[PDB]
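Visitor: Before I ask anything, here is the structure I am working with.
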């Protein structure tokens, strides 16, 4: 129990016996035997209790074989995880995600095909490690297809840079990737990394990067004062008009009541034609459009 | 020990061990024992 | 998924750690960071009987 | 905020499997959902008029046994297990 | 404001403060720029 | 703190997935130790061992690092604060005043 827990984990791997071909295929045979035993005892058919105990013993031996293969392959998953380190995700996280990929590998391994465990496990190790890199390395999560799109674009851009000796134009990248240039610039936009709010500017430690940026959700006192003055002034200029005109305007365009009732919806409580209410509404609009009652509300926008 | 001896001692590992220890912790008798050591004690253990 | 300890109380001054359980700070480090097992309960009367 | 009337609210009672009971405020015009997430433990909440699983299990994840059906046929399993029983009697 | 208390916070107090479980490490969506559901920053 | 919380949820979810299926005790204990270290670095980054860095330049700010020191909440945001209705300019002498 010391600092840098990756060293402690590597020592915890310890001197475990590496597996050659014969030991590995013997362990695989024991794996299949224990699997068959636990499958048989999982069935509901009635057998001998001693036979069920023997099947449980074989299942325990199979589980021990599962373990022994896993601590056999911890070294190779550590190597392939160090192959993918230093890209914004910690080493031990990559090791553990590869370990999940490796137990997936041992769940899908068979002795019928005459190949070693390493060359079959490697595909799952790389797949799980790059999947966890897609789903966990970036703070703003990117789907795996977009991750492979952006890293393919990055690698072909690097190839064109080392070939042509210059930064490739986005149009040539668009033709060589067979995508539209708008898609290419969208991909380059999506391929960013956030910068921390706690980065110091320079000599001063206390002045932070997060204290140089304002916020837009903060309510401006001048805006609230202007809104309140608008609220007070609009009622006054409505009271300047006649009571009936102010009433039909306040029943027509929001104001007192949130929902604005239409000409039809107010023609029952007041009881005239559509043409009369429309004409008096147009008259009120023309009266409010006159420049006399404008300077009190023009600058309110 | 686990393969040879069973259902005699209960073991754990990590912070779960501390939680299980604090489940069965009896603090008042420990306070009384520390007070007893306070009455008769010498040296740095005294300060302890 | 598994309970974890608070870093203010473990790894601190004895006025803060407290030695509530009679264990050394190195002993606490060895037990909580998964390097040594801890025997939390024993049937002492059943063992002696 | 001066003169605004809130949409009429009804407090609908949700109970989970663990016994936690809680009230959630919904609108009258709102459609009441039979399913909700428990504020206490995060589990499924029920006992609101009619409710059920609605295919809660939903074809669960393939264990090792299903992959065994996928890769090896039963009678093949029969002969190899019989060989495993023979290995047992050899070791016994 | 008669006084101000401080003490150890048990799991019950932490669950009582909480309005829900943060079950996902995701923070915001990369395209819609809207916070993800049932994770960090969740509305 | 978003990065620290994200690491905590990542390790806790991975531990949950490991406990869902059959896993060896060494892998489970390693992931539990990673979860414990993630929680500790969330509360104090750099109290034990090398602090979590991130981009590779400076230690990752934790919960307790903004309740501590000159940059903490107590001394930079409570006792001394910016103010409105305030100004600053150079001074000149006026004897007529």
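Chains as they are written, first to last, in the entry's author numbering: chain A, 210 to 510; chain B, 244 to 291; chain C, 98 to 146; chain D, 19 to 110; chain E, 7 to 49; chain F, 340 to 436.
For every residue, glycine included, the Cβ atom is placed at its ideal position computed from N, Cα and C.
Helix, strand or coil for residue 70 (chain D) per DSSP?
Guide: By one-based count along the fourth chain, residue 70 (chain D) stands at place 52. Residue state, collapsed to three classes: coil.
Visitor: Going along the segment 402-425 of chain F in order, which residues come within less than 7 Å of chain A, judged by CB to CB distance?
Guide: Going along the segment 402-425 of chain F in chain order, one finds 409, 410, 415 with a Cβ nearer than 7 Å to chain A.
Visitor: Between the alpha carbons of residue 135 (chain C) and residue 50 (chain D), how many angstroms are there, rounded?
Guide: As a position in the third chain, residue 135 (chain C) is number 38, starting the count at 1. As a position in the fourth chain, residue 50 (chain D) is number 32, starting the count at 1. Each residue's Cα considered, the two are about 52 Å apart.
Visitor: Is it buried or exposed, residue 364 (chain F), if we count other Cβ atoms within 10 angstroms and call 16 or more buried?
Guide: Indexing the sixth chain from 1 puts residue 364 (chain F) at position 25. It counts as exposed.
Visitor: If you reduce the DSSP assignment to three classes, tell me which class residue 39 (chain D) lands in.
Guide: The residue labelled residue 39 (chain D) in the question sits at position 21 within the fourth chain. Three-state DSSP puts residue 39 (chain D) in a strand.
Visitor: In the structure shown, what three-state DSSP assignment does residue 344 (chain F) receive?
Guide: In the sixth chain, residue 344 (chain F) corresponds to position 5, counting from 1. In the structure shown, residue 344 (chain F) sits in a helix (DSSP, three-state: H, G or I).
Visitor: State the Cα-Cα distance for the pair residue 456 (chain A) and residue 435 (chain A), rounded to the nearest angstrom.
Guide: As a position in the first chain, residue 456 (chain A) is number 247, starting the count at 1. As a position in the first chain, residue 435 (chain A) is number 226, starting the count at 1. If I take the Cα positions, the gap works out to 25 Å.
Visitor: Taking C-alpha atoms, which residue in B:252, B:288, B:244 lies nearest to residue 140 (chain C)?
Guide: Along the third chain, one-based indexing puts residue 140 (chain C) at 43. Per the Cα distances, B:252.
Visitor: Using only CA atoms, which one of D:41, D:48, D:79, D:53 lies nearest to residue 70 (chain D)?
Guide: Residue mapping note: residue 70 (chain D) aligns to position 52 of the fourth chain, counting from 1. The option with the nearest alpha carbon to residue 70 (chain D) is D:53.
Visitor: On the CB-based measure, 16 or more other CB atoms within 10 Å of its CB, does residue 396 (chain A) come out buried or exposed?
Guide: By 1-based counting over the first chain, the position of residue 396 (chain A) is 187. Buried, because 16 or more other Cβ atoms sit within 10 Å of the Cβ of residue 396 (chain A).
Visitor: Spell out whether any CB of chain E is found under 9 Å from the CB atom of residue 345 (chain A).
Guide: Start at 1 with the first residue of the first chain, and residue 345 (chain A) comes out as number 136. Answer yes: the Cβ-Cβ gap between residue 345 (chain A) and chain E drops below 9 Å somewhere.
Visitor: Looking at C-beta atoms only, is the number of pairs between the segment 105-116 of chain C and the segment 378-396 of chain F that lie closer than 8 Å three or more?
Guide: Flag = yes, the segment 105-116 of chain C and the segment 378-396 of chain F touch.
Visitor: Check whether the Cβ of residue 2 (chain E) lies closer than 9 Å to any Cβ atom in chain F.
Guide: Nothing about residue 2 (chain E) can be reported from this structure: the residues present for chain E run from 7 to 49 only.
Visitor: Which residues in chain B sit within 9 Å of residue 145 (chain C), going by Cβ to Cβ distance?
Guide: On the third chain, residue 145 (chain C) is found 48 positions in, with the first residue counted as 1. Chain B residues near residue 145 (chain C): none, gap ~11 Å exceeds 9 Å.
Visitor: Assess contact between the segment 308-315 of chain A and the segment 356-373 of chain F, defined as three or more Cβ pairs (one per stretch) separated by less than 8 Å. Is contact present?
Guide: Cβ pair count under 8 Å is three or more, so yes.
Visitor: Residue range of the alpha helix (DSSP H) that residue 252 (chain B) falls in?
Guide: Indexing the second chain from 1 puts residue 252 (chain B) at position 9. No alpha helix (DSSP H) holds residue 252 (chain B); the beta strand (DSSP E) holding it covers 252-255.
Visitor: Under a CB-based cut-off of 9 Å, is residue 101 (chain C) close to chain H?
Guide: Of the protein chains in the structure, A, B, C, D, E and F, none is chain H.
Visitor: What whole-angstrom Cβ distance do residue 61 (chain D) and residue 33 (chain D) have, given they're in contact under 8 Å?
Guide: Taking the fourth chain and counting its residues from 1, the one referred to as residue 61 (chain D) is at position 43. Taking the fourth chain and counting its residues from 1, the one referred to as residue 33 (chain D) is at position 15. Incorrect: roughly 10 Å between the Cβ atoms, too far for contact.
Visitor: Cutting at 7 Å between CB atoms, please list the residues of its own chain near residue 44 (chain E), excluding the five before and the five after it.
Guide: For this step, residue 44 (chain E) is matched to residue 38 along the fifth chain. 29, 30.
Visitor: Would you mind reading off the limits of the alpha helix (DSSP H) that contains residue 218 (chain A)?
Guide: Here residue 218 (chain A) refers to the residue found at position 9 of the first chain. Counting along the chain, the alpha helix (DSSP H) containing residue 218 (chain A) begins and ends at 214-222.
Visitor: Would you say residue 350 (chain F) lies against chain B (beta-carbon separation less than 9 Å)?
Guide: By 1-based counting over the sixth chain, the position of residue 350 (chain F) is 11. No, because no Cβ of chain B sits closer than 9 Å to the Cβ of residue 350 (chain F).
Visitor: Sort out for me which residues DSSP pairs residue 135 (chain C) with in a bridge.
Guide: Numbered from 1 along the third chain, position 38 holds the residue referred to as residue 135 (chain C). Residue 135 (chain C) pairs with B:255.
Visitor: Tell me the rounded alpha-carbon separation between residue 66 (chain D) and residue 46 (chain E).
Guide: Working through the fourth chain from its first residue, we reach residue 66 (chain D) at position 48. Working through the fifth chain from its first residue, we reach residue 46 (chain E) at position 40. Going by the C-alpha atoms only, they are around 30 Å apart.
Visitor: Closest to residue 83 (chain D) by C-alpha separation, out of A:243, A:420, A:262, A:300, would be which residue?
Guide: Translated into positions along the fourth chain, residue 83 (chain D) becomes position 65. Comparing Cα-Cα distances from residue 83 (chain D) to each of A:243, A:420, A:262, A:300, the minimum goes to A:243.
Visitor: Does the segment 286-306 of chain A touch the segment 258-275 of chain A, meaning 3 or more C-beta pairs lie closer than 8 Å?
Guide: With a cut-off of 8 Å, the segment 286-306 of chain A and the segment 258-275 of chain A do not count as touching, because too few Cβ pairs lie within range.
Visitor: Just to make sure I have the definition right: I need the residues of chain A whose C-beta is within less than 8 Å of the C-beta of residue 31 (chain E). Which are they?
Guide: To locate residue 31 (chain E), count along the fifth chain from 1; it is residue 25. Correct list: 345, 350.
Visitor: Closer than 7 Å between beta carbons: that is the criterion. Which residues of the segment 105-118 of chain C meet it against chain B?
Guide: From the segment 105-118 of chain C, only 118 have a Cβ closer than 7 Å to chain B.
Visitor: Using a Cβ-Cβ cutoff of less than 7 Å, which residues in the same chain neighbour residue 278 (chain A) once the five nearest sequence positions on both sides are dropped?
Guide: The residue you call residue 278 (chain A) lines up with position 69 of the first chain. Closer than 7 Å at the Cβ level, and outside the excluded window around residue 278 (chain A), lie 236, 315.
Visitor: Answer with yes or no whether the minimum CB distance from residue 130 (chain C) to chain A is below 9 Å.
Guide: Numbered from 1 along the third chain, position 33 holds the residue referred to as residue 130 (chain C). Yes, contact with chain A.
Visitor: Taking Cβ positions only, does residue 39 (chain D) come closer than 9 Å to chain A?
Guide: Within the fourth chain, numbered from 1, the residue matching residue 39 (chain D) stands at position 21. No, no contact with chain A.
Visitor: Can a CB atom of chain C be found closer than 9 Å to the CB of residue 262 (chain B)?
Guide: As a first step, residue 262 (chain B) must be located in the second chain, where it is residue number 19. For residue 262 (chain B), the answer is yes, since a Cβ of chain C falls inside 9 Å of its Cβ.
Visitor: Using a cut-off of 7 Å between C-beta atoms, extract the partners of residue 314 (chain A) located in chain D.
Guide: Within the first chain, the letter at position 105 stands for residue 314 (chain A). Here the premise fails: no neighbours, minimum Cβ distance about 13 Å.
Visitor: Flag this pair as touching only if the segment 476-483 of chain A and the segment 435-444 of chain A have three or more C-beta atom pairs under 8 Å; answer yes or no.
Guide: No, because fewer than three Cβ pairs between the segment 476-483 of chain A and the segment 435-444 of chain A fall closer than 8 Å, the two stretches do not touch.
Visitor: Considering only the beta carbon of each residue, do residue 369 (chain A) and residue 379 (chain A) sit closer than 9 Å?
Guide: For the purposes of this step, residue 369 (chain A) is identified with residue 160 of the first chain, where counting begins at 1. For the purposes of this step, residue 379 (chain A) is identified with residue 170 of the first chain, where counting begins at 1. No, these two residues do not count as a Cβ contact at 9 Å.
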